[PDB]
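Order-wise, the sequence lines are chains W, L, G and F. Going by the UniProt record's numbering, 152 is the number at position 29 of the first sequence; the sequence numbering is gapless. Going by the UniProt record's numbering, 82 is the number at position 80 of the second sequence; the sequence numbering is gapless. Going by the UniProt record's numbering, 203 is the number at position 192 of the third sequence; the sequence numbering is gapless. Going by the UniProt record's numbering, 623 is the number at position 9 of the fourth sequence; the sequence numbering is gapless. Accompanying notes for the structure given below.
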Amino acid sequence: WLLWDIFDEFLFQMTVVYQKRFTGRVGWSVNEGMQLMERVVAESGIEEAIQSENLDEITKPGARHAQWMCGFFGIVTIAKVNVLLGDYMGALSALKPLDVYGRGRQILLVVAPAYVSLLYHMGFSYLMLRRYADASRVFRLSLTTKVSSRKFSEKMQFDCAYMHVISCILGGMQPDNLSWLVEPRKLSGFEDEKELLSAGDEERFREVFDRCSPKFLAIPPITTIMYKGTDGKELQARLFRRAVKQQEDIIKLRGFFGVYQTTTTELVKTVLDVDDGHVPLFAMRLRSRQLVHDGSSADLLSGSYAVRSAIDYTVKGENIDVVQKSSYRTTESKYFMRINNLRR
Amino acid sequence: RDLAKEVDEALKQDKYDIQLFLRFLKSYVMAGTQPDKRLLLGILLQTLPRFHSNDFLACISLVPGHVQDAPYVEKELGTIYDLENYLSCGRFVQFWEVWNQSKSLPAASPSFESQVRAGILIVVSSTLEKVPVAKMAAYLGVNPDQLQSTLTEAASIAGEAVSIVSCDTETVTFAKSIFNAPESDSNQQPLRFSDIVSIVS
Amino acid sequence: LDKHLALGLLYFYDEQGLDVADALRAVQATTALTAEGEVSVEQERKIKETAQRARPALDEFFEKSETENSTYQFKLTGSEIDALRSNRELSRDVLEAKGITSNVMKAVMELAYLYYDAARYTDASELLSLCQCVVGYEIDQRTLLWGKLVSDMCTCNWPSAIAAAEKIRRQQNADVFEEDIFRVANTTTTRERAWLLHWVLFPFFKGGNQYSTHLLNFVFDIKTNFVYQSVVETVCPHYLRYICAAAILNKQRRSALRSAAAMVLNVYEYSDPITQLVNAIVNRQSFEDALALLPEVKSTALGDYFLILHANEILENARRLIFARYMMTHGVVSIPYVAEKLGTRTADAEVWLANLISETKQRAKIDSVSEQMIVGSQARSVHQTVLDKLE
Amino acid sequence: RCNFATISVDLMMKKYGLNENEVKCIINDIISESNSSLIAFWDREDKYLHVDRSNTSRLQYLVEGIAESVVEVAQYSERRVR
Numbered sequence: 124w125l126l127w128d129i130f131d132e133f134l135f136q137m138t139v140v141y142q143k144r145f146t147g148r149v150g151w152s153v154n155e156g157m158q159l160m161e162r163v164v165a166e167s168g169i170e171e172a173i174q175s176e177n178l179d180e181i182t183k184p185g186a187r188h189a190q191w192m193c194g195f196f197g198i199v200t201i202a203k204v205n206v207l208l209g210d211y212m213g214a215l216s217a218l219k220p221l222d223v224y225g226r227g228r229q230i231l232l233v234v235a236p237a238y239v240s241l242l243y244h245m246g247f248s249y250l251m252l253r254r255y256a257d258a259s260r261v262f263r264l265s266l267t268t269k270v271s272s273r274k275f276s277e278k279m280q281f282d283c284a285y286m287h288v289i290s291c292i293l294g295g296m297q298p299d300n301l302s303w304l305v306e307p308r309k310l311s312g313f314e315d316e317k318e319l320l321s322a323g324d325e326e327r328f329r330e331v332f333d334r335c336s337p338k339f340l341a342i343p344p345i346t347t348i349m350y351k352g353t354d355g356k357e358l359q360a361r362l363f364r365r366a367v368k369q370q371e372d373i374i375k376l377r378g379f380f381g382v383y384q385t386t387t388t389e390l391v392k393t394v395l396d397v398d399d400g401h402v403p404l405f406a407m408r409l410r411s412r413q414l415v416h417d418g419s420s421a422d423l424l425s426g427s428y429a430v431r432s433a434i435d436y437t438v439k440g441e442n443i444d445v446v447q448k449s450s451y452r453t454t455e456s457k458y459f460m461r462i463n464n465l466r467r
Numbered sequence: 003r004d005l006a007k008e009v010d011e012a013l014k015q016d017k018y019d020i021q022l023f024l025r026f027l028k029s030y031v032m033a034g035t036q037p038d039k040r041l042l043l044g045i046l047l048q049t050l051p052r053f054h055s056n057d058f059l060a061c062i063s064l065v066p067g068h069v070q071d072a073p074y075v076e077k078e079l080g081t082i083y084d085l086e087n088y089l090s091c092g093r094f095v096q097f098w099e100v101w102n103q104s105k106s107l108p109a110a111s112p113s114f115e116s117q118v119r120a121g122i123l124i125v126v127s128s129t130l131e132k133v134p135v136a137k138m139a140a141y142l143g144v145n146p147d148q149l150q151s152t153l154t155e156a157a158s159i160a161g162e163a164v165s166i167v168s169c170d171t172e173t174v175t176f177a178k179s180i181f182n183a184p185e186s187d188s189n190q191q192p193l194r195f196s197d198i199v200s201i202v203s
Numbered sequence: 012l013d014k015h016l017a018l019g020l021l022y023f024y025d026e027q028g029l030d031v032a033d034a035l036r037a038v039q040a041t042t043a044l045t046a047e048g049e050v051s052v053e054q055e056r057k058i059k060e061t062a063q064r065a066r067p068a069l070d071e072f073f074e075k076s077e078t079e080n081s082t083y084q085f086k087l088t089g090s091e092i093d094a095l096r097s098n099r100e101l102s103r104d105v106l107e108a109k110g111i112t113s114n115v116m117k118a119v120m121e122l123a124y125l126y127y128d129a130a131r132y133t134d135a136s137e138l139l140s141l142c143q144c145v146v147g148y149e150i151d152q153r154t155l156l157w158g159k160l161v162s163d164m165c166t167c168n169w170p171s172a173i174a175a176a177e178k179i180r181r182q183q184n185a186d187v188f189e190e191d192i193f194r195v196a197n198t199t200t201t202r203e204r205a206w207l208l209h210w211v212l213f214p215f216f217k218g219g220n221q222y223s224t225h226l227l228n229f230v231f232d233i234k235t236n237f238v239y240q241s242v243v244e245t246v247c248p249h250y251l252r253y254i255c256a257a258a259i260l261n262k263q264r265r266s267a268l269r270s271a272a273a274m275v276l277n278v279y280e281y282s283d284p285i286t287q288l289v290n291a292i293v294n295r296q297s298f299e300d301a302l303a304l305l306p307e308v309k310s311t312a313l314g315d316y317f318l319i320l321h322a323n324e325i326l327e328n329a330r331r332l333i334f335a336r337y338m339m340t341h342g343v344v345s346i347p348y349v350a351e352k353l354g355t356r357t358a359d360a361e362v363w364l365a366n367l368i369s370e371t372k373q374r375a376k377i378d379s380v381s382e383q384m385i386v387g388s389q390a391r392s393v394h395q396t397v398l399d400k401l402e
Numbered sequence: 615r616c617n618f619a620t621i622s623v624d625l626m627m628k629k630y631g632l633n634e635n636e637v638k639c640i641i642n643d644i645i646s647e648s649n650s651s652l653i654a655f656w657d658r659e660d661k662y663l664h665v666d667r668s669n670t671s672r673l674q675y676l677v678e679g680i681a682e683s684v685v686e687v688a689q690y691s692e693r694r695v696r
């Protein structure tokens, strides 16, 4: 009754959908709504039934059968894989979007809704692969106007925001302001939060952890029930926590310097003592590996240790030139387009 | 039944495939009455020659908290997990001081020691540019003499070549080098001017 | 609230530190003798610390102690106050929601209650707190208001203090503001201000909380609705000096030095000078003189006035501030002459400067490879900034 | 034109033109700044000012362009309400 009756109804509905999908190929159309709604409901229904392997494990090989049979012409075949991949995500796994992406029936035709669904999964894959640099760039940009990118649950906007926040924190990047009244104060807060996370807090690490573990598993939520789903969440949380902790330590080493990029040995040693309670040759050894691509080990007798980190690209005047090349091209491009709208 | 033999062979003959292992782990996640200690330990002990890799993250996702907790299921998995973290974070010295060889799986892998060293060398080659011969040896537990006889090759990327320095600084191995990952033709001064004049005129 | 003028003189004159010999005609108008315990006695403790001690203090102690053992035995007409005195549980209970008044009256209660001091002081505060909330009571606006002031005064033992801190910013600020037609006049404002200062900054006395330096900064000041007219009238030199010290100790609101500078000048109407000089030179900005002044002032005062307590922090903040300004622009300046002044070997000084830089109040790198501190540009990138602003 | 000053060091007190002062407290307070258009990299050790104003006229030109942009921006804000 209440929650439980609705669960049975969803499980029934999904089983009937899989039966129809296996039988036919024209039981869906190329309307953006149907493919998105089916995916969201399927992901929700798998997650809800966890923890209770007896349902999900019976559902998944029948979802597989429907997946391996092609849809009708259009992106409908891709849509069936996107459902199957979504079911896999809720059942734990996040490395198989690579297999899905490479599939030879999804490079034949690509129409924008199925790209978005694939990209969502691929973004989780990139996070697991620790491709912080690539993920953050894509996520930082807003969604491109095509046909759709959400429809039925618009919590997808928050989902995208959450993933960008995690990728930026990992990669050594952040927002800048350009919006409303709120965004100044918000930006300042974000910067502070990142700094605190690196070097101290406790509470920031807790907040970061709670947001992050959320994305490894993917969301839509289970809908917490006392018994079963609790145990589910506990197992998941511990596994993710240990990994995120290890990543946090690497970030902290990569964030401290003697306010120079070509630090003297003594400055490095002081930074190592502040970072951890060990001698600063033991931790120098750990820093030269948990801070990537450093010439520091070779600087030996030299004492010119370097430890480096990324800096903003070509400088000062070049940044102005890049803007003005864009401006030149835009003036021409806009002129031609304005003429074209009245000449054809 | 096939997958289990493939894990044993992956130790025993020094083979690896991520997708087979990922499937086996995906079977374990879905049905948690299937897992066997030795096979899972084998998967973990084959992630240790494969570092640096996201293989470890894939294992973390697909094996429940209870299973990777050592006293709950009474398996060596947590002990392995600690060793894995020590290898991955470059804490090679710590790994060596808690080293064992009395487990059945290391015995039933010939050349276990060399495979672990290969994993360490992969981590060094990716995240360091230039390493001293002695420093490199201290990561691997090996004598620097025997290390030289392995490292010296005519392709640096297959085995880091000597860059001998008489007196002064210690002899290093090349390995990667200045501006092999910093810069992408950014931050030298701009060559824009020639382009800028041409397109406005 | 409020009052008293002789008491006020005793107060501020001691704080200023010129002398004590002062009277304090008293007692007036805490009460006679009612809560707590006594105001005069608190002043006496401060006096004793300043400079030994004298006849008034002895008199005050006697007054505090008795009237009277017999009266003490007599008090209470029933039917709580007990477990030492109060009924802690009852105090908690009288909010949630209890608000519609059993019997009616606590008129006889007041008569029984009034006694006092002894001082006894934590218990006395607790009892007062219990009386305050009934809530419906009857009796009274003004009597209750006086009671609120007493709670604020003492005890400053921290659970009472944190409670009183919340009460001051909800109650007292509102009370001062009009409407009600027309209250509270100059004396009340001055008295309230004095009590707040005593309760936390650090006179000698006692102060600091966590953190309410902030509270002091917030109230005397802040423009919605304003006064600062009250502070000026009629002639609070000691208060101004204390405010300067507080600003340095805090070390920011946002606006910090500028606000302080404006407040300070107020050129000669009453103007006390040792703290004032440190702040006024620093904000203006001369760097030689300021640096010298800060040790001299620190050593000179102290003086009396121990607590000590906060002033170690003040010294550190001040040194950091002078240096941060000195770096900023300016050079592209070194570093050995910085190290020598602040006084230990070069590396400790370098790391100290690096800590100023690491706060994102400056863009700088330090070369320890030539002992030069180098600042960015950033203050100034001119054309580029404009392009960004437009787009 | 357009600066430089402290020409030299000691002369700066001497010709401007009362002898010889606090020196540093008077000279620093008069020069300081930083508000408005930039001065200084000031080195007090050698008592030499390395202004590097960048620039007088260009700043004014940029100010005119900013001023023109704000009118147009506001004008077009009202049009999109309408």
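We treat Cβ as the ideally placed atom computed from N, Cα and C, and that holds for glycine.
Identify the continuous alpha helix (DSSP H) that holds residue i and give its terminal residues.
i	result
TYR250/G	248 to 261
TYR662/F	Counting along the chain, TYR662/F falls outside any alpha helix (DSSP H), though it belongs to the beta strand (DSSP E) covering 662 to 664.
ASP84/L	79 to 90
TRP656/F	Run containing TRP656/F: none in the alpha helix (DSSP H); it sits in the beta strand (DSSP E), 655 to 657.
Just to confirm the assignment, what range does the beta strand (DSSP E) spanning residue i have?
i	result
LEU266/W	Unbroken run through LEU266/W: none, as it is neither H nor E.
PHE275/W	From DSSP, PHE275/W is part of no beta strand (DSSP E); its letter is neither H nor E.
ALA163/L	163 to 165
According to DSSP, is residue i helix, strand or coil?
i	result
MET384/G	strand
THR175/L	strand
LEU404/W	coil
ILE377/G	strand
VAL344/G	coil
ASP417/W	strand
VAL149/W	coil
Count the other CB atoms, across all protein chains shown, that sit within 10 Å of the CB of residue i; report buried if there are 16 or more and exposed otherwise.
i	result
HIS188/W	exposed
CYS142/G	buried
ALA322/G	buried
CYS91/L	buried
So the candidates are the options; which of them puts its Cα closest to the Cα of residue i?
i	options	result
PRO67/G	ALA32/G, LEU101/G, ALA43/G	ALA32/G
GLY168/W	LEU134/W, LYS183/W, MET157/W, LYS143/W	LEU134/W
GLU53/G	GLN39/G, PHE72/G, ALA40/G	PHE72/G
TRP101/L	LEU193/L, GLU115/L, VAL167/L	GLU115/L
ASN87/L	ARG365/W, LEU264/W, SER449/W, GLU170/W	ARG365/W
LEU149/L	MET138/L, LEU22/L, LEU43/L	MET138/L
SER651/F	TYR662/F, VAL637/F, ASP657/F, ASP666/F	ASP666/F
Below 7 Å on C-beta distance, what does residue i contact in chain G?
i	result
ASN617/F	Within 7 Å Cβ-Cβ: nothing; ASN617/F doesn't reach chain G, min ~14 Å.
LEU652/F	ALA390, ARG391
Along chain F, which residues have their Cβ under 9 Å away from the Cβ of residue i?
i	result
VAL343/G	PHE655, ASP657, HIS664
Looking at chain C, is there any beta carbon in it that lies within less than 7 Å of the beta carbon of residue i?
i	result
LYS661/F	Within the model displayed, chain C is absent; protein chains W, L, G and F are what it includes.
List the residues of chain W whose Cβ lies closer than 7 Å to the Cβ of residue i, in chain order.
i	result
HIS15/G	Neighbours of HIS15/G on chain W: none; closest Cβ ~46 Å, over 7 Å.
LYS400/G	Going along chain W, no residue has its Cβ under 7 Å from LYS400/G, so there is no contact; the nearest lies around 11 Å.
Find the residues of chain L that neighbour residue i, judging by a C-beta separation of less than 7 Å, and give them in chain order.
i	result
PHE339/W	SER63
Closer than 8 Å by beta-carbon distance: list the chain L residues that pair up with residue i, in chain order.
i	result
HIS416/W	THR129, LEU130, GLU131, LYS178, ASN182, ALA183, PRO184
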